[PDB]
Amino acid sequence: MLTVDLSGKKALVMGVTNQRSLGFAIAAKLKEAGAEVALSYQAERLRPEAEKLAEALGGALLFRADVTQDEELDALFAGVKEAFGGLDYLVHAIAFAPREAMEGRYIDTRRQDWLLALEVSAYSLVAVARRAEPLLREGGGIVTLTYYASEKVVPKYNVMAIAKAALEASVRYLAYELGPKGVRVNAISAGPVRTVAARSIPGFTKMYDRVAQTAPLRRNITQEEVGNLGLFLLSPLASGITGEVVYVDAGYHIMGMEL
Amino acid sequence: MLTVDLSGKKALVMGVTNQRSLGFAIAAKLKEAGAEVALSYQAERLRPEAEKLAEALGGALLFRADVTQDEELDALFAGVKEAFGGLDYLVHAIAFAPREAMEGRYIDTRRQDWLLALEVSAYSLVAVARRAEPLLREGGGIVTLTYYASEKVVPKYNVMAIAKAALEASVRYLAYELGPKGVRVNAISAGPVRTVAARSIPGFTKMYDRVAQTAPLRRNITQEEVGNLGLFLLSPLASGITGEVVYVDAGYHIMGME
Amino acid sequence: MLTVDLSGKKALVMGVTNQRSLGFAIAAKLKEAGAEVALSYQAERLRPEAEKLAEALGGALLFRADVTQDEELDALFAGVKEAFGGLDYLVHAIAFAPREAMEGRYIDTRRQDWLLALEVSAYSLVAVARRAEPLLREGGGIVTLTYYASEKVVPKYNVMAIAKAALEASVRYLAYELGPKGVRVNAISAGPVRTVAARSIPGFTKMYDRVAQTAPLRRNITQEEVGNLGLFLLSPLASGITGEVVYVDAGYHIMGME
Amino acid sequence: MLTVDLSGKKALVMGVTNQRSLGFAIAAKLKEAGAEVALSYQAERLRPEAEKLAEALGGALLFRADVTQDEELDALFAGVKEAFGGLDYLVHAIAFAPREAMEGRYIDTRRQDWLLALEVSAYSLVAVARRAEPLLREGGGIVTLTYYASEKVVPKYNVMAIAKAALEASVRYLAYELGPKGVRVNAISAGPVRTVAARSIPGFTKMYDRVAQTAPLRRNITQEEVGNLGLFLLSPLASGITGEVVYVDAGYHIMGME
Ligand SMILES: NC(=O)c1ccc[n+]([C@@H]2O[C@H](COP(=O)([O-])OP(=O)(O)OC[C@H]3O[C@@H](n4cnc5c(N)ncnc54)[C@H](O)[C@@H]3O)[C@@H](O)[C@H]2O)c1
Ligand SMILES: NC(=O)c1ccc[n+]([C@@H]2O[C@H](COP(=O)([O-])OP(=O)(O)OC[C@H]3O[C@@H](n4cnc5c(N)ncnc54)[C@H](O)[C@@H]3O)[C@@H](O)[C@H]2O)c1
Ligand SMILES: NC(=O)c1ccc[n+]([C@@H]2O[C@H](COP(=O)([O-])OP(=O)(O)OC[C@H]3O[C@@H](n4cnc5c(N)ncnc54)[C@H](O)[C@@H]3O)[C@@H](O)[C@H]2O)c1
Ligand SMILES: NC(=O)c1ccc[n+]([C@@H]2O[C@H](COP(=O)([O-])OP(=O)(O)OC[C@H]3O[C@@H](n4cnc5c(N)ncnc54)[C@H](O)[C@@H]3O)[C@@H](O)[C@H]2O)c1
Ligand SMILES: Oc1cc(Cl)ccc1Oc1ccc(Cl)cc1Cl
Ligand SMILES: Oc1cc(Cl)ccc1Oc1ccc(Cl)cc1Cl
Ligand SMILES: Oc1cc(Cl)ccc1Oc1ccc(Cl)cc1Cl
Ligand SMILES: Oc1cc(Cl)ccc1Oc1ccc(Cl)cc1Cl
């Protein structure tokens, strides 16, 4: 038998809303593997859900941070430094684009909506990686969540496609810059999973059924499959893997035209 | 001999500073091919030189527009519409990132520097495509300029790599959205060329040397090689090509280790 | 106007069967630009129609060569050497996989069928590049044809996808090796075109109609669009471009879903 | 603590010569995790090491099979079926190119050498996948080993690069074809590790030493890092992952320059 024991390890998981959150799926596996887990949630309105998540993990520290707010980010990492001392793992599971940007055409994206989507969904990784850098121990890691539309056009995903392209390029540069400290940086490209944010993509259910039709495994992936890949990449089992975008999508993205 | 005749065609080329500007290389080829060319320049400061470029083309309309100013962009496309009635070609040859963003580590990029880089270097394609769309005729096209660092780490290119990654994904979505109206969208991935903007990349000389050492052709590309590719992509010869990032880099980007 | 003038340039186009052949489209454009074009065809049974193609091009030189027969390849380049003295352009428009391989599953491909597919569709490029190398002039080039199934799974393209992956990797290595000599090597990734070879892909008509529905341009490409890209890549207008796979597919391969 | 218990599961690992073999590292992890392992070695001359490897694992069935020999492959899988009744995991850690193909230029590769390289290094995945299919249980998988020269030119890796492009394309097609039964197919793209075979790449030590200087992690990967990725991809932890080429190279291949 192989055991993954992360006793002694400290994890901060940013971007949890409820138990369907992919950030949460990774937090669960990290806690199960023995790490101490802190969750960050976006706004006070989400505190009651974050409390339920801490409880479902059997214990987790909670912190409020909006990634557009540099003061709140400073306070987060100050709080994590005080509670943990050093940090091993950082999970970045945050994305946003304004409803109107997702519902219209990409070409019709308003300037301030476009910038907000990039700010929240891509710049935030840089914001948190910079603040995490002095805390992160040798062997530690940052993992983010991205989607195939960075490479190929998925209708209605619009500015998020572009944010994910910026997010993946960021992963490579941060991997290059944090690598000498023995800190790894990777992206999980997840296939469609029915989360809270899934409702924000028009035609998500079409995407979802389409993936299950065409993917090599002829099924959608699960939250736990994302959780397990996040666990692996953060664990010492993945000690030689950095700067990568690793797909957990039942093979969907390798497919060209079928039927 | 085969002929590329763009008589009757109207081009807008955005982002010329001087005669070494990649956008100007594409402008010169479109003009030589017989197209009528309008140029846009960033700021009143650049006007005297913009006029020298208009002159080197044997005439070109000039418009000033900073792509962070939506009203300047509105005015620019009102001006083009009045002057030309419509448009066939749009060249987007615009990028910027603060000096501090390019001198430091990517991880140390300040929020507002990061956002400005993406706004000027990527969002601008969207802002100009939207405005050009009602003017753009069937057979028409948009071409932008990118660099390999979108795909692979080129140290110190930093936030511009991320902006180019955004630019390239923008090219794909914009190709998808404009294609039904018969308008193509492509990016040219140029290798290093000594332009005014190259002086804003600290390691440029090192990059230039690596390319000459490593590239299949054992040399750097030229301004004219960029111009010729832009001409081709905008021309009817490229009528089947859209959503593409085409490399003009002497083969550099296909090389691994040597 | 710009003029592409290839007067005095010499081309060999390998893999013509009929007027729909992609190699023929590129031959016709090279001839239009003023190049002298020789053609090669595979076997005696194809000679009558090949002669008609040669006649269509002002009476082009015609050679027989099966790329599995090294002796025929030697005779081909000896004959080209005698006729032209050297060579500027080489077009490689040749693929085959046995019917058994294409109609089954990839996993069920027989050893000998798989090897023949790779030999004809991938190794042949190395075989002709090697023999062309001493004839090839500075500024010269080789262009081959591929399909996006090298990167993405297209059911029933089977071993040919794998041969095309081998082909594209071959293009990168040959570009590296011929580059010092000022010879470029590139691939054209064409979208579906209704050629005689199309009948060898089960369900091709389904594939063709799907492209029209979902490509950015909401149509298939044409044989001529392939011919124009071949011309461009071989011409000095593309002098900065080597080791590339350039897609002419109406944008199809950029679409991720639907 | 989270556990991976592969008790009850059966593995065939093909291509061990050495305790430094990447195939052996994967077998060691599979055995650690609880799996019953079978090993195939190439030739009678490797029996004694094979036996010591089987000792090192704590016991392992041994078989001899040359991947060019269909009868030896049929006997392998009949033997495996007899001993295990079914298979859960197949590791394909086999590659070969003739010395002469590796030592010069890709363009100079002789027909027989090119074919054999493709036959042993790419076709063998299909041959073994076909024979494994009826034995392979739902949740089962196949993992192979590749190298980044499939996408980027590494001089002197030559035909092996082309074989790896074929292999990775084969992984995508076999993943598609085996996916319906709940069987996954993936590739590990390893960075340089000092094995017997590494020495058959001219300049390997300098390639090895260069990675340690330029990789994001500023070191080479270890045999154990490959073994852990193999274990992960074959285990249920990777149940959502198929058709993937996963890089374990200390980030080396993300670098674009310097
Ligand atoms: N669900 C999927 O099918 C899928 C597929 C691929 C990638 N992803 C990515 O996974 C990540 C997590 O999304 P999810 O699907 O779990 O949905 P989710 O809604 O559960 O999580 C998204 C989180 O982003 C947070 N967030 C948004 N704006 C924020 C801001 N300004 N500051 C701080 N937090 C903010 C929200 O509060 C929320 O917790 C995202 O990056 C998403 O793009 C999701
Ligand atoms: N020179 C190279 O080696 C190279 C290589 C690859 C890609 N590129 C790209 O080519 C394009 C052209 O750059 P170039 O090298 O010709 O240099 P350049 O300086 O001649 O052109 C860049 C232009 O961007 C304009 N610009 C910057 N900010 C602007 C703003 N706010 N509003 C309006 N215009 C603005 C500048 O005024 C300038 O004319 C850029 O997108 C660049 O990233 C250049
Ligand atoms: N038609 C398409 O939609 C399409 C799309 C992408 C790529 N391609 C590629 O374009 C190239 C040309 O094919 P095409 O579609 O014009 O069909 P085609 O039938 O007109 O040309 C293919 C040629 O290959 C030749 N050939 C086959 N085996 C040979 C051998 N042993 N020796 C010498 N010649 C041999 C045939 O004689 C034939 O002329 C091929 O490589 C094909 O894979 C075609
Ligand atoms: N070592 C590295 O740095 C590295 C990097 C990337 C990929 N790889 C790949 O990993 C795999 C394993 O190689 P390795 O480095 O562990 O070296 P190795 O020498 O330990 O393993 C190579 C194996 O291939 C076998 N083989 C060759 N021809 C065969 C044939 N005809 N029939 C059956 N077996 C045959 C040999 O017997 C040998 O056991 C290979 O596919 C190789 O291409 C290695
Ligand atoms: O990136 C995603 C991809 C998929 Cl398939 C499903 C959900 C995703 O996540 C989001 C999508 C849109 C917005 Cl506005 C916010 C988020 Cl978190
Ligand atoms: O993108 C580029 C790539 C190269 Cl190799 C050289 C110059 C380039 O163009 C720029 C680089 C930095 C800034 Cl601030 C602005 C511009 Cl226009
Ligand atoms: O590669 C191709 C791709 C397409 Cl879409 C259409 C035709 C093609 O060409 C071939 C396909 C199969 C065989 Cl057996 C031989 C050839 Cl020339
Ligand atoms: O593919 C490889 C890549 C690397 Cl970096 C090191 C070793 C490799 O493996 C081989 C290399 C050459 C030959 Cl002839 C056979 C094998 Cl197994």
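Just so you know, all these numbers are worked out from the coordinates, no wet-lab data involved. A quick note on method: Cβ atoms are made from the backbone with ideal geometry, for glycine too, and the neighbour counts reach across all protein chains shown.
Structure notes:
- For region D:32-92, projected area of the alpha-carbon convex hull averaged over all directions, nm²: 4.4 nm²
- Applying a DSSP loop filter and a limit of 16 other Cβ atoms within 10 Å to the trypsin sites (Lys or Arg not before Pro) in region A:15-107 leaves A:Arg20.
- For the pair region A:8-67 and region C:130-165, the centres of their Cα atoms are 50 angstrom apart.
- Square roots of five times the Cα gyration tensor eigenvalues for region A:36-156, Å: 29, 17, 14
- Integer Hz, Karplus 6.51/-1.76/1.60 couplings in order for region D:241-258, x for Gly and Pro: 10, 9, x, 9, 9, 10, 8, 10, 8, 6, x, 3, 5, 7, 6, x, 5, 4
- Net charge over other residues, Cβ less than 15 angstrom from the Cβ of D:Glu36 (K, R count +1; D, E count -1): +2
- Residues B:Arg111 and D:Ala56, FRET efficiency given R0 of 51 Å [Cβ-Cβ distance, rounded to 0.05]: 0.40
- Out-of-range pairs (alpha-carbon distance over 20 Å; input C:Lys9/C:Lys181; A:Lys164/C:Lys164; D:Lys10/D:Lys181): A:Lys164/C:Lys164
- Hydrodynamic radius by Kirkwood, which averages 1/r over all alpha carbon pairs of the protein assembly as shown, in angstrom: 29.3 Å
- Alpha-carbon centroids, region D:192-231 and region B:73-116: separation in whole Å: 42 Å
- The H on the amide N of C:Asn158, modeled in the peptide plane, is under 5 Å from the matching H of no residue at least 5 residues off or on a different chain.
- On the basis of the beta-carbon distance and an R0 of 45 Å, A:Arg210 and B:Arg137 show a calculated FRET efficiency of 0.85.
- The mean of 1/r over all pairs of different alpha-carbon atoms in chain B, once inverted, gives a Kirkwood hydrodynamic radius of 18.4 Å.
- Projected label distance in nm at A:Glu51 and B:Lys181, using a 7 Å step from Cα toward the beta-carbon: 5.3 nm
- FRET efficiency, D:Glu258 to C:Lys81 (Cβ-Cβ, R0 51 Å, nearest 0.05): 0.75
- Spin-label pair A:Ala78-A:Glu138: with each label point 7 Å from Cα along the Cα-Cβ axis, the two points sit 3.1 nm from one another.
- Across region A:76-86, computed HN-Hα scalar couplings (Karplus, 6.51 cos²θ - 1.76 cosθ + 1.60, θ = phi - 60°) run 4, 6, 4, x, 6, 4, 4, 6, 9, x, x Hz from first to last residue, x flagging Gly and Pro.
- Charged side chains reduced to their Cβ positions (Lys and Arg at +1, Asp and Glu at -1) give the protein assembly as shown a dipole of some 20 debye around its Cα centre.
- 13 Å beta-carbon shell around D:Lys9, net charge (K/R +1, D/E -1): -1
- 3J(HN,Hα) along region B:143-150: 10, 10, 10, 9, 8, 3, 4, 4 Hz, from the Karplus curve 6.51 cos²θ - 1.76 cosθ + 1.60 with θ = phi - 60°, whole Hz, x for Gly and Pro.
- Summing Cβ point charges (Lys, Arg +1; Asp, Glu -1) relative to the Cα centre of chain B gives a dipole of roughly 500 debye.
- Sum of side-chain charges, B:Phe84 neighbourhood, beta-carbon under 13 Å (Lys, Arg +1; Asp, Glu -1): +1
- Two-site label geometry, B:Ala198 and B:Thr68: point separation in nm, points 7 Å out along Cα→Cβ: 2.6 nm
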